[PDB]
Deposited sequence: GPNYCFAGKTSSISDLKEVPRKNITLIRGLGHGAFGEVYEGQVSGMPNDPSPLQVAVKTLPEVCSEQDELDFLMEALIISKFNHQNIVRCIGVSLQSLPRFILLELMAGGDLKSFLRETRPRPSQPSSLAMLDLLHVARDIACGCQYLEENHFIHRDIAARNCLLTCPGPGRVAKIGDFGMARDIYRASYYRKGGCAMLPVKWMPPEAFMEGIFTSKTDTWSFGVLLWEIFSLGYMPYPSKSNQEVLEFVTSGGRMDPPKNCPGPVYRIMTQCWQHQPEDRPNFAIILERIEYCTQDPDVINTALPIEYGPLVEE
């Protein structure tokens, strides 16, 4: 029976909000992936997402699922998905999370690119608001000494597709694994991560790559380079060019997050200030996004 510690506070299985099974109904499948497996559900009525643990699973799998529930249950911030509760005493086991109907950010960006059929589907301001949303979640993690270890568009969710959408950090799998190779998010990692010491400046680095994902509208970073090619490229001083039509001031935020030395990268409070500035600059927000023909 593991304990989990966050912000100086210790908690364990008995501290999770166990929701009676009978109160939980699955509505439909949403999908599966590195994050595990998730459904839309209802509680009691409260609409939720439901993550599930396979009944056929290892002991470490069980401990992983428990630790996921502990980690997410202890965060308290408007840009990190909430945990409504858990159902660990019935099988298959469930973790109940805030329903994020816009789905993951990477897919939303790819699917919502301006096209002749939808030429104003996104504007710079939409992208800067997503960036600000995730920076605010990261600033919370930084201030609570929690290193995320995989800040990327694939790990962010949106409340809804339309106007008023709020982005939130939706996955903590890597952090869970280290709380405790080919799968490592190499394209998101700074040179120093290859002494292997992490800090919140490693998350600053990763946030710069997420900014590149956002302002490229969902491209894979380092187009054409493999993991090892990226590693050698960034270690040598190599950096991505700005995404298509990216305003200079937004690209300058990326390039400061990618300073070789970690002390030279901004903390998330500074990143936020700089995103706020870009957001107020008419020349940035009046810049047209590219049309994908």
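Exercise for the section: Write out the missing regions of the deposited sequence in sequence order, one range per stretch. Expected result: Sequence ranges with no C-alpha atoms are 45 to 51, 188 to 195, 210, 310 to 315.
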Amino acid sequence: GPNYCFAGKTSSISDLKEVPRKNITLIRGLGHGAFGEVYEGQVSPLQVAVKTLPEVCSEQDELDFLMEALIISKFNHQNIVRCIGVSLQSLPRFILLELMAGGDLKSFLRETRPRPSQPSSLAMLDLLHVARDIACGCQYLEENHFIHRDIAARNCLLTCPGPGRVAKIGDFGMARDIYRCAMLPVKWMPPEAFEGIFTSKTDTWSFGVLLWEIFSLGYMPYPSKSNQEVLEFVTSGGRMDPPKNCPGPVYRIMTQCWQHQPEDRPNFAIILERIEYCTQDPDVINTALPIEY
From here on, numbers count along this sequence of modelled residues.
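Heads up, when I say rigid core I mean the largest set of C-alphas that superpose within 1.5 Å between the two forms.
Problem - Higher-deviation segment by CA RMS in 5 other deposited structures of this protein, core fitted, 142 to 150 or 115 to 123 - result: Evaluated in 5 other deposited structures of this protein, the stretch farther from the shown form is 115 to 123.
Handout entry: Stretch with larger C-alpha RMS deviation in 5 other deposited structures of this protein, core superposed, 170 to 178 versus 104 to 112
Key = So, of the two stretches, the farther one in 5 other deposited structures of this protein is 170 to 178.
Handout entry: Stretch with the greater mean C-alpha B-factor as recorded in the entry, comparing 221 to 229 against 66 to 74
Key = Higher of the two, by average CA B-factor, is 221 to 229.
Practice task
Using only the Cα atoms and their B-factors as the entry lists them, report which of 246 to 254 and 57 to 65 averages higher.
Solution key: If you average the C-alpha B-factors of 246 to 254 and of 57 to 65, the larger mean comes out for 57 to 65.
Handout entry: Top Cα B factor in the deposited entry, candidates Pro116, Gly137, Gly170, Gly173
Key = Going by the entry's C-alpha B-factors, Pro116 comes out highest.
Problem - Highest recorded Cα temperature factor - choice among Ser120, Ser87, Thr159, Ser216 - result: Within the set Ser120, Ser87, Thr159, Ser216, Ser120 shows the top C-alpha B-factor.
Practice task
Would you mind ranking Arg82 by its C-alpha B-factor against the rest of the chain and naming the third, lowest, middle or highest?
Solution key: Tercile = lowest for this residue's CA B-factor.
Exercise for the section: Can you work out whether the C-alpha temperature factor of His32 puts it in the lowest, middle or highest third of the chain? Expected result: Tercile = highest for this residue's CA B-factor.
Exercise for the section: Comparing against every modelled residue in the chain, figure out the third that the C-alpha B-factor of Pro191 lands in (lowest, middle or highest). Expected result: As the PDB entry reports it, the C-alpha B-factor of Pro191 lands in the highest third of its chain.
Practice task
Check where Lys201 lands among this chain's C-alpha B-factors and tell me if it's the lowest, middle or highest third.
Solution key: It belongs to the middle third of the chain when residues are ordered by C-alpha B-factor.
Practice task
Compare the C-alpha B factor of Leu26 with those of the other modelled residues in its chain, then answer lowest, middle or highest third.
Solution key: Middle third - that is where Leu26 ends up once the chain's C-alpha B-factors are sorted.
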